[PDB]
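Here is the structure we will look at.
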Amino acid sequence: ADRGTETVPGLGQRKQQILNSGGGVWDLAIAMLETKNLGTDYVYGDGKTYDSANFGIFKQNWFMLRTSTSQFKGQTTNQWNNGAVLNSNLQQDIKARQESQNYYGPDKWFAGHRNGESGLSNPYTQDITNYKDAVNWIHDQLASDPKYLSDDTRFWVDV
Ligand SMILES: OC[C@H]1O[C@@H](O[C@H]2[C@H](O)[C@H](O)[C@H](O[C@H]3[C@H](O)[C@H](O)[C@H](O[C@H]4[C@H](O)[C@H](O)[C@H](O[C@H]5[C@H](O)[C@H](O)[C@H](O)O[C@@H]5CO)O[C@@H]4CO)O[C@@H]3CO)O[C@@H]2CO)[C@@H](O)[C@@H](O)[C@@H]1O
């Protein structure tokens, strides 16, 4: 198969932190696919620079953060290192992402999250649609039983 489960020790305490710091099950599912341990200790920017750089547990790219969040509204591609603050502020991480989705709408947020500025022109490419449904599958799992909100079960889908 191309999706399943895996045990990650401590994951349950990270899930509760996200749900107690302004997150909902929807944010948990997005963050669950981005990283294995719901954290921010991947390589800085996820290896990318300028508008492509990724920050926070959801790996929001800088283009999205500076066009659609109040924390970064109006900043330029050159200030892209400023997004790094989300790596250590979970509440702002979660809040930036919720604000971003509500500025663009769920489907264009998806397109922007996955492809950056160039996705905004067609939110329904197969690539972006494969991101949506994966996240939607994971949400269904976490919402099928509340034990999954505090155990170490990671529901994963292959990209
Ligand atoms: O240039 C376009 C546009 O890209 C934007 O970027 C991204 C970024 O590139 C990524 O797409 C990111 O999303 C991915 C994460 O980085 C990470 O790769 C993640 O990997 C998961 C994986 O999908 C899978 O679930 C995996 O599970 C296992 C399991 O752990 C176990 O090993 C088992 O045996 O095997 C399975 C299968 O592998 O676990 C991984 C986590 O460890 O997948 C994510 C989704 O693809 O999102 C960013 C933003 O959306 C920006 O850079 C933008 O600027 C740019 O324009």
Side-chain angles (χ1 to χ4, degrees), residues 1-12 14-15 18 23 25-33 35-69 71-73 75-87 90 92-143 148 151-159:
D2 72 334
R3 65 205 62 202
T5 60
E6 64 168 336
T7 307
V8 176
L11 210 61
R14 271 297 276 199
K15 295 171 181 176
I18 284 151
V25 192
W26 175 246
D27 304 292
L28 186 51
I30 299 177
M32 189 159 283
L33 177 64
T35 84
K36 215 202 302 226
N37 61 350
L38 297 178
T40 63
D41 40 320
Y42 52 96
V43 291
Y44 187 80
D46 204 51
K48 285 158 273 293
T49 65
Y50 290 99
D51 269 0
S52 289
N54 295 169
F55 304 112
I57 71 171
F58 318 103
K59 294 187 164 194
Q60 314 183 64
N61 59 74
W62 177 242
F63 168 81
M64 294 289 286
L65 287 174
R66 66 185 184 87
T67 60
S68 54
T69 76
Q71 212 181 136
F72 305 105
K73 183 97 178 175
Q75 289 183 33
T76 73
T77 310
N78 262 62
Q79 298 171 292
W80 65 280
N81 287 303
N82 287 0
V85 281
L86 306 174
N87 289 353
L90 192 55
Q92 288 182 309
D93 203 359
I94 294 182
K95 155 82 218 170
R97 197 220 62 83
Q98 296 175 339
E99 221 172 3
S100 194
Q101 170 172 314
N102 258 46
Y103 173 81
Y104 278 112
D107 295 348
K108 304 193 59 151
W109 178 86
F110 268 117
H113 188 58
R114 188 77 164 155
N115 278 355
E117 179 164 15
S118 90
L120 299 182
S121 324
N122 190 343
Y124 302 104
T125 75
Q126 173 63 15
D127 181 42
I128 297 146
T129 293
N130 265 87
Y131 183 77
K132 260 144 84 173
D133 292 313
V135 177
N136 259 332
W137 188 81
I138 286 177
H139 189 268
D140 295 340
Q141 306 314 312
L142 301 154
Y148 293 124
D151 71 350
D152 293 334
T153 304
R154 176 172 183 247
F155 297 104
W156 65 264
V157 183
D158 175 67
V159 73

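For ligands, and for the atoms within them, numbers begin at 1 and follow the listed sequence. Only this structure's heavy atoms are used, side chains among them; waters, hydrogens and symmetry mates stay out. One is the number of the first residue; the rest follow in order along the sequence.
For ligand 1, the atoms lying closer than 4.0 Å to a non-hydrogen atom of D51 are 54 (O). Within ligand 1, the atoms closer than 4.0 Å to a non-hydrogen atom of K48 are 52 (O), numbered from 1 in the order shown. The ligand atoms of ligand 1 that sit less than 4.0 angstrom from a heavy atom of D158 are 37 (C), 38 (O).
Using cut-offs of 30° and 60° for the angle between ring planes, the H113 and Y131 rings count as tilted. Relative orientation of the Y50 and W80 rings is tilted, given thresholds of 30° and 60° on the angle between their planes.
Results of the side chain to side chain donor-acceptor pair (under 3.5 Å) test with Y44 over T49, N87, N81 single out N81 as the only residue that passes. Just one of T40, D46, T35, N54 meets the side chain to side chain donor-acceptor pair (under 3.5 Å) condition when paired with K59; it is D46.
Counting heavy atoms under 4.0 Å from ligand 1, residue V159 touches it through both backbone and side chain. The proximity of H113 to ligand 1, defined as any non-hydrogen pair under 4.0 Å, involves the side chain as well as the backbone.
When the heavy atoms of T5, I128, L33 are ranked by distance to atom 44 (C) of ligand 1, first place goes to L33. Ranked by closest heavy atom to atom 47 (O) of ligand 1, the top entry among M64, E6, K59 is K59. Comparing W156, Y131, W62, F155 by heavy-atom distance to atom 28 (C) of ligand 1, the nearest is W156. Compare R154, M32, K36 by their heavy atoms: the one nearest to atom 27 (O) of ligand 1 is in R154. The option with the heavy atom closest to atom 48 (C) of ligand 1, from among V135, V157, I138, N54, is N54.
Taking the side chain as every heavy atom from C-beta outward, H139 and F155 never approach each other to under 4.5 Å. The shortest distance between side-chain heavy atoms of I57 and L38 does not fall below 4.5 Å.
When atom types are taken as modelled, the side chain of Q79 and the backbone of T76 share a donor-acceptor pair closer than 3.5 angstrom. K15 contributes a side-chain N or O that, together with a main-chain N or O of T153, makes up a donor-acceptor pair within less than 3.5 Å.
Of the N or O atoms in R114, one or more lie within a sub-3.5 Å distance of an N or O in ligand 1.
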